[PDB]
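J.: kindly generate the corresponding structure for this input.
(chains A, B, C and D, ligands or ions: 6)
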Amino acid sequence: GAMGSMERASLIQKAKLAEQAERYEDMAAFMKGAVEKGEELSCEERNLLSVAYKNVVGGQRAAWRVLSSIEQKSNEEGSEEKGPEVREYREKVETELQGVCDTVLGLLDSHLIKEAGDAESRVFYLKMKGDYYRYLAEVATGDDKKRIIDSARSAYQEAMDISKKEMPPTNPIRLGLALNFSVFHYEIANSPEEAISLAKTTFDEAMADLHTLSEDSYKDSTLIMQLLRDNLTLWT
Amino acid sequence: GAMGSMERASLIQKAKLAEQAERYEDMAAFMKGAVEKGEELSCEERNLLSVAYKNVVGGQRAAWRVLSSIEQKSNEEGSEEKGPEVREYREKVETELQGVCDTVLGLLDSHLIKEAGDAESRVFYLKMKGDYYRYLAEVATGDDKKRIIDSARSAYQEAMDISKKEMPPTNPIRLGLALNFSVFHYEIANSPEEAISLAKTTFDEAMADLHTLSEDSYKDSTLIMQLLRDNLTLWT
Amino acid sequence: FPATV
Amino acid sequence: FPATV
Ligand SMILES: *CC(=O)NCC1CCN(C(=O)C2(Nc3ccc(Cl)cc3)CCOCC2)CC1
Ligand SMILES: *CC(=O)NCC1CCN(C(=O)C2(Nc3ccc(Cl)cc3)CCOCC2)CC1
Ligand SMILES: [Mg+2]
Ligand SMILES: [Mg+2]
Ligand SMILES: [Mg+2]
Ligand SMILES: [Mg+2]
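T.: Numbers count the residues shown, from 1 in each chain, chains lettered A, B, ... in the order given. Ligands and ions are numbered 1, 2, ... in the order given. The structure is reproduced below:
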């Protein structure tokens, strides 16, 4: 790998610089290199990894949606035939997106998840696994679509089970997991009632535990609780 | 080149899709392929080419400035030594930027400029040549810095000479050229008085020719005139 | 689109 | 930074 000659600490330093410069492709490449050193990641480093890939795939998803909409419009009645170009370019973006997802899943499988014993690290990586299978599911149309959806569900479910046993209801990782699994239910699994129930129960159980928190922890937890409320508002 | 197998029209179609998707690297690659077909570009196609590369290099310049500032701060008294990483990553971004500039200059030299006979096309390409030498000048520190600056100046000057002879003072290409050459004077040539004089004279001569224009042409010209005024306000 | 983190 | 087009 192109980052094999660079020090772990230098890769982490450069990932932080890349973030400041909004160079998220570079940031992701640096963090991939850092993971491939083979040592476990600290909390800060896990955050760098997640931020980098979230931003790269986020951009690809937004582009994919623009292109898919144009393609859908091209297939309506009365639309003039414009050739294969829209499908081709949507496919190009799609293939790049799938590549990034496969890269992240690969890092998680080789070997981040298996080395992650603490609840905070294990839940974080399993959430990521659910997220990147969810992104694959968003674009899936073939024989394996159900299996891709089930892979997301399984990863999220394992993360949920650990989070409920090992973390308080206000823990930001537990909250963010629940937020995203709720979106999975709504957008991927065609289960809006499950999505709404999860978001509500997560919000309410967090509300009841805020009294235990410092000001700074309260700030962190309430931010994500607001995202849960925002989704509930969108959905009800 | 990777675009050699794709139809010219398909490359242009895909450049437009890439723009809609805000995929400017793709847009630039498509337009590079289209230029390399060897046919002259229409006005619309020249605009696609310029938009694509402006956005790619724009992002690189912004990142370069972030990194250069961090590097400058690292070299102040009392700053803790953090190793070669900041310089290395600034250099990485810099080299990528120079590569894009060289690519654009290459398209202009092989063979867009030499085939461009109409004032509108020739001035547009010569302006681009000035712009990409200006971006090279922004990051230049070596033996060739003066020659890079002079290359920008020469390209802009040839464009100005043609524009003044062949185009009305409200022509958007003439205006945009003058705007950018004025910035060259202010930021690159250490000639703020020349920058201000150019912007003022260009604004005033345009003002006096607005009476000749349609509503739509008036809209186009006045937008760029406002940019001239904005710069004058920044500088005075 | 809904919020995720 | 100043405006360019
Ligand atoms: C190592 C670690 O504990 N990471 C979790 C951090 C918790 C605080 N935090 C956030 O609240 C934001 N991002 C985020 C939350 C939860 C998860 Cl599972 C992933 C990411 C920060 C950005 O705004 C959204 C919430 C950062 C990560
Ligand atoms: C083929 C051609 O004639 N292109 C010139 C167009 C003139 C109108 N226009 C603009 O006004 C903007 N961009 C721009 C102006 C002038 C030059 Cl030389 C280059 C680009 C459109 C975006 O906002 C800034 C002015 C588009 C190009
Ligand atoms: Mg496909
Ligand atoms: Mg339940
Ligand atoms: Mg250099
Ligand atoms: Mg003069």
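J.: so where's the longest helix in chain A?
T.: Longest helix in chain A, counting residues (DSSP state H): helix A:43-74.
J.: can you list contacts of whatever helix or strand comes next after it?
T.: Next along the chain after helix A:43-74, taking DSSP states H and E as the criterion, comes helix A:85-107. Contact with helix A:85-107 is made by A:28, A:32, A:35-36, A:49, A:53, A:56-57, A:60-61, A:63-64, A:67-68, A:70-71, A:74, A:128-129, A:132-133, A:135-136, A:139, B:10, B:13-14, B:17-18, B:21, B:23, B:26, as judged by CB atoms under 8 Å, 6 or more residues apart in numbering or on different chains. Where C-beta positions appear, they are placed from N, C-alpha and C, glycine not excepted.
J.: so helix A:85-107, near ligand 1 or not?
T.: No: residues of helix A:85-107 are not located near ligand 1 by CB under 6 Å from any ligand atom, the shortest gap being 13.8 Å.
J.: now swap in stretch A:119-127 and tell me
T.: Yes: using CB under 6 Å from any ligand atom, stretch A:119-127 reaches ligand 1 at A:120, A:124, A:127.
J.: likewise for stretch A:154-169?
T.: No: Stretch A:154-169 lies apart from ligand 1 when judged by CB under 6 Å from any ligand atom; the minimum separation is 9.0 Å.
J.: stretch A:20-40 now?
T.: No: if you take CB under 6 Å from any ligand atom as the test, stretch A:20-40 misses ligand 1, and the best it gets is 11.9 Å.
J.: buried residues, that stretch. List them.
T.: A:21, A:23-24, A:26-35 (16 or more other CB atoms under 10 Å in any protein chain shown).
J.: would you mind measuring the gap between the ends of it?
T.: 24 Å (CA to CA, to the nearest Å).
J.: that one near chain B at all?
T.: Yes: Stretch A:20-40 reaches chain B (CB under 8 Å from any CB of the partner chain) through A:20, A:21, A:22, A:23, A:26.
J.: hmm, who's touching that stretch?
T.: A:1-4, A:6, A:8, A:11-12, A:14-15, A:18-19, A:41, A:45, A:48-49, A:51-53, A:55-56, A:59, A:100, A:103, A:107, A:111-112, A:115-116, A:121, B:62-63, B:66-67, B:70, B:89, B:92-93.
J.: ok, now with 7 Å
T.: Stretch A:20-40 has contacts (CB atoms under 7 Å, 6 or more residues apart in numbering or on different chains) with A:1, A:3, A:6, A:8, A:11-12, A:14-15, A:18-19, A:41, A:45, A:48-49, A:52-53, A:55-56, A:103, A:107, A:112, A:115, B:63, B:66-67.
J.: and stretch A:206-213, by the same measure?
T.: Contacts of stretch A:206-213 (CB under 7 Å, 6+ apart): A:168, A:169, A:170, A:175, A:218, A:221, A:225.
J.: now those residues: which count as buried?
T.: Buried subset of the contacts of stretch A:206-213 (neighbour count, 16+ other CB under 10 Å): A:169, A:170, A:175, A:221, A:225.
J.: secondary structure class for the fourth one?
T.: Translated: residue A:221. helix (DSSP: H, G, I helix; E, B strand; the rest coil).
J.: which residues touch it?
T.: Counted by CB under 7 Å, 6+ apart, residue A:221 has contacts A:170, A:172, A:175, A:206, A:210, A:213.
J.: change it to 8 Å
T.: A:170, A:171, A:172, A:175, A:206, A:210, A:213.
J.: what angle do the helix or strand hosting residue A:25 and helix A:43-74 make?
T.: Element membership for residue A:25 (DSSP H and E) is helix A:24-35. Put simply, helix A:24-35 runs at 130 degrees to helix A:43-74, going by axes from the mean of the first three to the mean of the last three CA atoms, to 10 degrees.
J.: just the CA trace of helix A:24-35, in PDB.
T.: Provided in PDB are the C-alpha atoms of helix A:24-35 (Å, rounded to 0.1, in the frame of the first residue of the first chain):
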ATOM      1  CA  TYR A  24     -11.400  14.000   2.900                       C
ATOM      2  CA  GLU A  25     -10.100  11.600   0.200                       C
ATOM      3  CA  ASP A  26      -6.600  12.300   1.500                       C
ATOM      4  CA  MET A  27      -7.800  12.000   5.100                       C
ATOM      5  CA  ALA A  28      -9.300   8.600   4.300                       C
ATOM      6  CA  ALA A  29      -6.200   7.300   2.600                       C
ATOM      7  CA  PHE A  30      -4.100   8.400   5.600                       C
ATOM      8  CA  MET A  31      -6.400   6.700   8.000                       C
ATOM      9  CA  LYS A  32      -6.500   3.500   5.900                       C
ATOM     10  CA  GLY A  33      -2.700   3.500   6.100                       C
ATOM     11  CA  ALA A  34      -2.900   4.000   9.900                       C
ATOM     12  CA  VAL A  35      -5.300   1.100  10.300                       C
END
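J.: go through the residues of stretch A:119-127 next to ligand 1 and flag which are in helices.
T.: A:120, A:124, A:127.
J.: for the closest residue to ligand 2 within chain A, which residues are in contact?
T.: Distance from ligand 2 to each residue of chain A (CB to the nearest ligand atom) is smallest for residue A:66, at 20.3 Å. Contact analysis of residue A:66 by CB under 8 Å, 6+ apart lists B:20, B:21, B:22.
J.: let me know the outermost residue of chain A.
T.: residue A:78 (38.2 Å; CA atoms, centre = their mean).
J.: I'd say residue A:184 and residue A:153 touch.
T.: Yes: contact criterion CB atoms under 8 Å: residue A:184 and residue A:153 qualify, at 7.1 Å.
J.: between those two, who's got more neighbours?
T.: residue A:184 (25 against 20; other CB atoms under 10 Å in any protein chain shown).
J.: roughly how far apart are the more buried one and chain C?
T.: Shown here: residue A:184 relative to chain C, a distance of 9 Å by CB to the nearest CB, to the nearest Å.
J.: repeat for residue A:111
T.: Distance, residue A:111 to chain C, by CB to the nearest CB: 25 Å.
J.: helix, strand or coil for the residue nearest to that residue when sequence neighbours are not counted?
T.: With sequence-adjacent residues excluded and distances taken as CB to CB, 6 or more residues apart in numbering or on different chains, residue A:111 is closest to residue A:38, at 7.6 Å. Following three-state DSSP, the label given to residue A:38 is coil.
J.: from chain B, how far out is residue A:38?
T.: In terms of CB to the nearest CB, residue A:38 sits 21 Å off from chain B.
J.: buried ones in stretch A:110-129?
T.: Under 16+ other CB under 10 Å, the buried positions of stretch A:110-129 are A:112-113, A:116, A:119-129.
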